[PDB]
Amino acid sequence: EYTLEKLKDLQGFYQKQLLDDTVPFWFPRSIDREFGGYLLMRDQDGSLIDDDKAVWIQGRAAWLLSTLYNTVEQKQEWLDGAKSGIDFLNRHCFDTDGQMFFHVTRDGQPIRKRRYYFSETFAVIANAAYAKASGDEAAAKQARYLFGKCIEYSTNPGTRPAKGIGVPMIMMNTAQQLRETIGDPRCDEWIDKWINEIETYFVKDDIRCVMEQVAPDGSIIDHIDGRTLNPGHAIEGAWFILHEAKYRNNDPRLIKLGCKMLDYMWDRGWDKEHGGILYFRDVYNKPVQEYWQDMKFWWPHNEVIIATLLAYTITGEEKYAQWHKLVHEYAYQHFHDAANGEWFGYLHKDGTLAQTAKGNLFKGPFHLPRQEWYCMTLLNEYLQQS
């Protein structure tokens, strides 16, 4: 399967895709010079379908620009672009009670506020990465403050109580990004707790499944919502854990855990008729009720590309190279827009395009550039060690 020359070609592919295709689609043109932050809700040709701003994606974009500055090239325009988002978050995206908005207008007026703290987690990683890039001590302090607030909420996130895997997952990745940028003494211990929560409550070895939600004792909630799985989301967590495994000196327990989550959810998620990762499944193969259950979204593919390549480089198991080849070829052939750049977001089960937009309230410069950046970086490291 994958030779070193082939992995060298893959490294260059992800690098050139990231820097010559994906990032230029968004930046610098998406930087809103008049109001700050980013205009990211763009059609296939780059034209705007909306001038609203999703607060999560403002933070994700600021994180990406800072991360490119810190790990790829110290381009002033990326630093300036990151600062524009940080400033927009601080100036407009916090309510008087200190909680962040979810959805604001171009000029920063609030449209939606969600009880969630997920906006805050993306402000943490954005401020952490920006603090590293710029030396801004205020951004460092904000990142560490909000991290604690996020921890606080995570301990305490209605006759059918359920806990969701997304809390430990997002907190783990937030803690990882905080560690890898400016550092914080809480990161490693809490990551341990969040991994233990994922393993204990959400990974079911007897049925080879990773749950999206469970009851507080870990039991499966046998109702429509509780049965609904998201393979791409579970495999996102799997590679967060494989990432942690490497940091922890290739810890065999964490390698085993990440790999089995990936194994379980590749089997449940990969569409053997049409190819690609199904968005939702049902733990007992009852019909999934969420309407988009069999659609092919971009971001599950981004996460499975990372996970399979990461699993392959860590374990050397050829099957992960075979799965990587499958999902990589599937995703780049079906989502990538060779004419205008970047990726479509939304395909039907059979791979035909459902609509042409490349950015909206949920899609922006995050999952795809993170995958291309992470894979380019991973392979550079891997090839240096070979």
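Note that residue numbering follows the sequence shown and begins at 1.
In the deposited entry, the stretch joining residue 157 to residue 158 is interrupted by 4 to 9 residues of the deposited sequence lacking coordinates. Averaged over Cα atoms, the B-factor as recorded in the entry is higher for 95-103 than for the other of 123-131 and 95-103. Per-stretch averaging of Cα B factors for 244-252 and 110-118 places 110-118 on top. Per the PDB entry, 163 shows the highest C-alpha temperature factor of the residues 281, 223, 163, 233.
Looking at 206, 263, 294, 303, the one whose CA carries the top B-factor in the deposited record is 206. Among all modelled residues in this chain, the alpha-carbon of residue 321 has a temperature factor (C-alpha) in the highest third.
Among all modelled residues in this chain, the alpha-carbon of residue 76 has a temperature factor (C-alpha) in the highest third.
Sort the modelled residues of the chain by CA B factor and residue 342 lands in the middle third. Remark: residue 52 belongs to the lowest third of its chain, ranked by C-alpha B-factor as recorded. Residue 216: CA B factor in the highest third of modelled residues in this chain (values from the PDB entry).
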